[PDB]
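Structure record follows, encoded as structure tokens.
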Ligand SMILES: CC(C)=CC(=O)SCCNC(=O)CCNC(=O)[C@H](O)C(C)(C)COP(=O)(O)OP(=O)(O)OC[C@@H]1O[C@H](n2cnc3c(N)ncnc32)[C@@H](O)[C@@H]1OP(=O)(O)O
Ligand SMILES: CC(C)=CC(=O)SCCNC(=O)CCNC(=O)[C@H](O)C(C)(C)COP(=O)(O)OP(=O)(O)OC[C@@H]1O[C@H](n2cnc3c(N)ncnc32)[C@@H](O)[C@@H]1OP(=O)(O)O
Ligand SMILES: CC(C)=CC(=O)SCCNC(=O)CCNC(=O)[C@H](O)C(C)(C)COP(=O)(O)OP(=O)(O)OC[C@@H]1O[C@H](n2cnc3c(N)ncnc32)[C@@H](O)[C@@H]1OP(=O)(O)O
Ligand SMILES: O=CCCCC[C@@H]1SC[C@@H]2NC(=O)N[C@@H]21
Ligand SMILES: O=CCCCC[C@@H]1SC[C@@H]2NC(=O)N[C@@H]21
Ligand SMILES: O=CCCCC[C@@H]1SC[C@@H]2NC(=O)N[C@@H]21
């Protein structure tokens, strides 16, 4: 009510911890601030066959990639690169 | 079979009209001011207090609430403006406490979290009022309570307004025990040191979670122990999670930090073994046919002008579908059936001055809604209540009494929204605070008073003039001005929405464009409890 | 068979002891001061106002009450000191309203009569609080309500504290409707002109009586009609008993004068068709074995000294017979069974500081009394609540929470009497106002606060000194004195019984010699409603 | 939202440890012995009796049960060891009766079938006890009863233990009538001749099925008719399905053979018109994270060693997920929340000697479970109950009484499992037989007695020595040995699980590897009846 | 029991009632005390407790000095019988 919710997330890219401030916009999009830079991200998940694909646009650049979340790890498979991101585990 | 085509409410407003432009500008300015004030309140107690709070390794209360509720879940915060300019020189953001309704483990829960950055979490009278209101809402709607306790006890300089009375601090423990007796879960998370009074909250709760070296429960703090008995002891040895878990037995769970405490709280809420059951018919939801921002143009900020409440109804209900009841009798009142997010609602709104026919129609509609177990929504925009010799001869007061009794005796969930003025006994007749609605919200352009300032000034001037004439004393015009002007100014100040929201006279000021959403949430929270049968008094025909 | 000889409490006090002489002198002075203040309050609004009221051919409110109740019947007036020095420059005797319990046609009834001599019967906030308290008592004890209405509506200059909130003027109509729905009779006698708001009271009542040319009901008075609409009309044509009876239908009976109205009210109460039924065992009454005035010597006015509560128990119970329960465990608490006017009661009184054993004993006794459906009587004389490291390790707070929950969840009638100090959470643990006792009386020597003045001053001084040391700033002794002395003075003023009774924090200050009698009456009024079963929360073992 | 990651119980045992090897070997030997004894019991009354029973064209009782229940459905047989070495020279396999819970036409039903191969179906006292226990289980869990009647009436030589008392043969008819009055279906299938007493079973049943030339109902058999009156008549003319269906009206259905009778019984159960409704939250089932056979290594057969009950909990609960409650207070007791096959359960298990803190924690947890309507599971492994002067001064007995009262007053389904020792009042405190659990199972390594053999011997020796000293008589050591050794031997024999299961002190001895499954079935059968509210006595604080 | 002759059968020695500061001490190390003689006056939690002499025996010694903290149920005066 009368304010915008901001969530603080932490992701371990290899050996480096990165903090992201995600602001939930009214129109369903997200505003992600990583360090100085800010990004407008909007996307969705659609399942074809047995594969779930994330179709997302970041700062007006659109892409799609197969998304698998397994055991505190996030795998994004695309036609230009494969990305593995580690979710921190609470103590 | 639900395939019948049905006409819908609503008309397209003239966006080119100058009146629409002016109303939109004024309402936009009001909403911007409200948003800025809400942001400043959200900032918290202060920068140095926040820095000290972080330096102790603790989370700020809003971060605690964000990490407690389900991800992405909406949060309905109540009374964000409590304490706004309530005290002369002391700033108490949000009343020093944060109360709201959220979703934890798929269960609607009432979260009450103390703000340790505002006077160390001390309880101002407005803080006690806000907590009591939240507890009353949870009791009425049968919602589990979660107390994120970090408080310094009652504020000593204002003790005379905090300790002794019925609606004072002891009512918190009374409500806690009563709601525990009714199988309404109480969970207390001791996130910080509780000097006194607040130490009873974990003791009376059904289940406790305490942080290892932050939370410390003790009936009297080391200063209080020194002042009363003279014994000297450290806070950790007096309280402490280890010293409480190991041999005291007060604590039920032991947490490493705030994140662990919130995780344990979510686990407990999951283990609550509760399932929501709905006792009303449900239909698929559908958006309204008109944008909600147009209300800014339709309503505006000036109360002298009048607008059709059917516009608001069409802008808030599902699919702009509305079934008006007794459309031509008592035209000044609009009563009908609609749906919000699939929930059936009976809408009663004002469209002018209340007449005898309007009161009779409202009584009939309230009786119907109570018979069919349908939640009621009131929209208050009251220019006044009809007064006059011919109306008194027809019992306008007795028809108002009919409507008042019908509203008071109702048992279905009732939600009131003040979109305009609210004066006189019309406020009572349209489910004011005294008649226990489940929720009460106001728009940033509302005005609430016993009557208008000029009416009260005229009444007082006439009283004084008649008394002086009976006494035989002259009553000059300068006396009239000196009697009138302060009354006008006082009535102008006391009618402000921010004045009415600083004290807990409502559950918050809401942006009109958000109205629908808020209502939805409220009605959802209103449907946890089963609907009982309604027993009416004597209908004075 | 009830012929067993039973030992009785009580010892003969040493009338020659100097301590007895001093205590008797101090208590006698306090009682004399109380009686003089009560007489001055009884005098009424003022001499000129009384003369004008008589000149209109009307009876003063106390004469109305005397002529209404049965002849020679005792009358239990509540909150005689409401508004005593509450407002800076305005004198409001008795709060401007008279509330009490009496016997009409052999039925216990709650009489609420407006005092037209105090600001024309206008409603101050304390008047609204007093009326709401009386209505709550009538609701809880299932007593018919009689409203002798002669009011000028809400007091406009204080409207912000009278109109809008939940416990404000609209709650009167809400309670009226609710109690009407529960077959609790409402009778309104319109003894005079009601400008506004008060016009709704006869409308919502079950039966009305109005005087011919005195009582006039109108939603808006001629000044209000002129201010709002501009129409000019006389009061009699706007209201009037003839104009209301003949075609309006608001009035149900037509009375020539006040005496006729009271006679009609008695006839209606007779026609109520109600019969009192008792659900408790009854034994023949018997006087105590010791005079009640000796309490003056036993108790005194100084709270530093301590006395055995068994003396008071022996001076108030029937035949000085008392069956102590767990006499040697938790000696600081005295719990037992006795009889007052034949009614069985469970007495719980303080004899020192509350320990863990005392809390456990109190919880056990409350459970027993709730199981056997026995009314509870609490006697508060609280030096404090035990605090300390070893006590926190043993969960003194958790035992206090046990007692608090047990007291709160109780459903038997509960009556609290404050004969000494009442500080801290001990007040909550001994059925304070927040825990809804049926009645609450205090002796003229009581003191109620969150804590002692010196304790609060020491706590604040320690807090400030620690904060300055952490900041690195010097905290001088002059600062300590400037912080301490105002706190001491404020705590001294706010603890006065007259300060606590000016606001409605109790049902009146009572002469100790009358204690027994008052209790009897109260318990009688408490037995009209049936006793329900008690449901307890979770007992945190 | 149920996506939160939650830590799980359980640790991987050291399979290479010699202690694990020895414990596994001992438990495997015990389980093999149990399986062999169960096989021998399953063989039945005897080879010649089975041959004669088959020669009459009838099905053996186990074949009847297999053909009655739904195909592939599991069958939960109760008290397989009733009568095992109970009588000196008479062999009574299974008590001569077969009682179990199965699924007929998708409905959980209690099947009670007489074994005609054991003394012609005569009723031994243990047979009556077993049937009464089965009927009590069906009454408590609201399960339809099916009696496959083939009996020769009461066993005459033991008539004094079968006929006259309250828990004797007449209680069968009493329970039948009572359960009929509560809309719990009774179906009797007369598969063979019933000499007497058993003839009343079809008469009092709601619906009857009788085989044409096998089943014959008569109040007195031809021998009994000859002995009493002297009239001579054949069995078929005295009973017979034709002679009963055609003019007597006792029989309701007529069957050609056993298969037809079972088909008709299934049809009747289908026509029962019953639907199971669950009043508890359900979650998807999940297997535990560790194998169940490892329990053999973890528990072993020697009771002197001790093991963590958390291992068993992790091996039986769904997904090894467990939410411990008050982990550090009263560590000797383990209380928490878990799920079995989706059903929520509150697990209370022993981990040592019961202290005051353990009793208080158990009382609190039982109160919570009763408040939230959650079934309770008790795991008994009792080394003893803490005693001693300091414990008596702290009321160890009173805390045990607290726990006993809390367990007794509980109304949620309760299931007890004895995995180790069970001695003294601890057995009462952990929901023994006297406190009516819905089911009670023991592992093949349990021991149950009032106390240890050596403790009882020492107590008796001390008593005798003190009495002789007071008398003035010498008490020699040979007398001590003669007093001690028989007591040791008797306590050793009476504590055997087979001794406790020969009499109906439990519902059977279960292989630990099957534990989970059995519990599941039991809890399913426990959820047919709705859960009522719990009323507690006086909690002696 | 009815005559209450045995009601006063219980006897005991002096002890500290609570944990708090000691306001005043009235008993010397060696002195003779009579019935009802005040031993110590202790102020704890806005309340003054006065300890009376149980019997008429002399005092061997005192355990607490002026302005000291005395824990609950701790001996104060070494007391001789009558
Ligand atoms: C029976 C019932 C039902 C209830 C009771 O009996 S209630 C008994 C009395 N309460 C206590 O006994 C707790 C005493 N606190 C403490 O033991 C601590 O202080 C903590 C725990 C609060 C942590 O303190 P902290 O770490 O947050 O720091 P602190 O600077 O101290 O925080 C701000 C400073 O607190 C001052 N302050 C003013 N009023 C109060 C107040 N009422 N309580 C605490 N602090 C207060 C403020 O004026 C100053 O700041 P300012 O105004 O000068 O800028
Ligand atoms: C919706 C709801 C729920 C409620 C409402 O809407 S409430 C609407 C407003 N009320 C009215 O519209 C009634 C207006 N009264 C009148 O029509 C009459 O006055 C009567 C009927 C009261 C008889 O009057 P009376 O015969 O008793 O004489 P009066 O001298 O008049 O009596 C004392 C004098 O009254 C002054 N006075 C001050 N405050 C008030 C006040 N609030 N009401 C009346 N009088 C007031 C006092 O200050 C002065 O004396 P003082 O202080 O100068 O010495
Ligand atoms: C009021 C109430 C509530 C109850 C009553 O009033 S109860 C009244 C008395 N009962 C009868 O009036 C039924 C009398 N039976 C018969 O009419 C038949 O016998 C049948 C029907 C049982 C079929 O008999 P069957 O075909 O199974 O053969 P049978 O060899 O007979 O079977 C084994 C042999 O039965 C001997 N045996 C020992 N005890 C009994 C016993 N109690 N009943 C029957 N048989 C018994 C056994 O000792 C021998 O074998 P063993 O020990 O020598 O090896
Ligand atoms: O509401 C404001 C219009 C002018 C005053 C009308 C008065 S307030 C007293 C009375 N009660 C009503 O509802 N209307 C009149
Ligand atoms: O009651 C007055 C004695 C001194 C203060 C005792 C404190 S007030 C806060 C806490 N709650 C209690 O009941 N006692 C202590
Ligand atoms: O349980 C066996 C240990 C030794 C005996 C303990 C005794 S049995 C009588 C009493 N009741 C208990 O629960 N424990 C003690």
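Just so you know, the numbers here start at 1 and follow the chain as drawn.
We read in the header that electron microscopy, 2.7 Å was used to get this structure.
Backbone N, Cα and C define each Cβ position, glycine as well.
Taken verbatim from Swiss-Prot:
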type	residues	note
DOMAIN	C:27-284	domain 'CoA carboxyltransferase N-terminal'
REGION	C:27-533	region 'Carboxyltransferase'
MOD_RES	C:48	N6-succinyllysine
MOD_RES	C:119	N6-succinyllysine
DOMAIN	C:287-533	domain 'CoA carboxyltransferase C-terminal'
REGION	C:321-350	region 'Acyl-CoA binding'
MOD_RES	C:473	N6-succinyllysine
Of C:48, C:119, C:473, which of the modified residues has the most Cβ neighbours inside 10 Å? C:119
Should anything in the same chain at least six residues away from the region 'Acyl-CoA binding' (C:321-350) have a Cβ under 8 Å from its Cβ atoms, list it; otherwise answer none. 6, 8-9, 280-285, 309-310, 312-314, 357-362, 364-366, 368-369, 374-382, 420, 426, 430, 516, 519-520, 523-524, 527
In whole Å, note down how far the CA of residue C:119 (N6-succinyllysine) lies from the CA of residue C:48 (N6-succinyllysine). 12
Suppose we screen the modified residues C:48, C:119, C:473 by Cβ distance to ligand 2 with a cut-off under 6 Å; which survive, in sequence order? C:119
In three-state DSSP terms, the structure that residue C:473 (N6-succinyllysine) belongs to: coil
Distance between residue C:119 (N6-succinyllysine) and residue C:473 (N6-succinyllysine) at the Cα atoms, whole Å? 54
Summed over the region 'Acyl-CoA binding' (C:321-350), the DSSP helix, strand and coil counts are 0 helix, 19 strand, 11 coil
